[PDB]
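S.K.: Once you've had a glance at the structure underneath, I'll fire off some questions.
Read-outs throughout are calculated quantities, based only on the coordinates presented, and are distinct from any laboratory measurement. Methodologically, a virtual Cβ is constructed for each residue, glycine included, from the backbone with ideal geometry; neighbour enumeration extends over all protein chains shown.
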């Protein structure tokens, strides 16, 4: 019924437990990744929703919900030598998809 | 132009050295994680193959 349906995406902590997910709110990490929903399908099961890592957020306390786009991204003004490392990073990434 | 190209080769090569050296130090600082943790990983992979 909302004009902008949405879903948040967080990452689970160690020892996943559905009962704790409904009992306590600390199992979910303070990090959350809010994103807009695309479309439901439910071909076989009644719940096959799609999720995305779109807007990162770190709620200060999910138990308390307030949120802010604290997408920290500090970068040095000279963006010439910082990308030299990127060639090795992509070369590593290329080696993972290549060898594996 | 050949000297300017040499000075650019100096700056670019010294830059590749600082990037390779910072990356080498940074690889050693990953290598500071103990080998016990690696063998423990293999123990975990031995258990990972327990399905």
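S.K.: Give the distance, in whole Å, between the Cα centre of the stretch A:27-100 and the Cα centre of the stretch B:24-49.
M.R.: 26 Å
S.K.: Plugging the Kirkwood radius over Cα pairs into Stokes-Einstein for the protein assembly as shown, at a temperature of 4 °C and a viscosity of 1.567 mPa s, what D comes out in µm²/s?
M.R.: Estimated via Stokes-Einstein, D reaches 61 µm²/s.
S.K.: Further question on the same structure: Run through every distinct alpha carbon pair of chain B and return the Kirkwood hydrodynamic radius in angstroms, one decimal place. Don't skip to the end; give the middle numbers.
M.R.: Details: mean 1/r = 0.0703 Å⁻¹.
Final number for the Kirkwood radius of chain B is 14.2 Å.
S.K.: Let me ask something else. Kindly express, to the nearest 10 degrees and within the range 0 to 90, the angle between helix B:35-48's C-alpha long axis and the longest C-alpha principal axis of chain B.
M.R.: 50 degrees
S.K.: Modelling each spin label as a point 7 Å along the Cα-to-Cβ direction, I'd like the residue A:73/residue B:12 distance in nm, to one decimal.
M.R.: Using points 7 Å along Cα→Cβ, the separation is 3.0 nm.
S.K.: Against the longest alpha carbon principal axis of chain B, how many degrees, from 0 to 90 and to the nearest 10, is the axis of helix B:2-31 turned?
M.R.: Between helix and principal axis, roughly 20 degrees.
S.K.: Compute the FRET efficiency between residue B:47 and residue A:26 as 1/(1 + (r/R0)^6), taking r as their Cβ-Cβ distance and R0 = 35 Å, and round to the nearest 0.05.
M.R.: Details: r = 28 Å, r/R0 = 0.81.
It comes out at approximately 0.80.
S.K.: For the stretch A:45-95, just list the percent of Cα-Cα distances falling in each 5 Å bin from zero outward, please.
M.R.: Distribution as computed: 4, 12, 11, 11, 15, 17, 12, 11, 5, 1, 1 percent.
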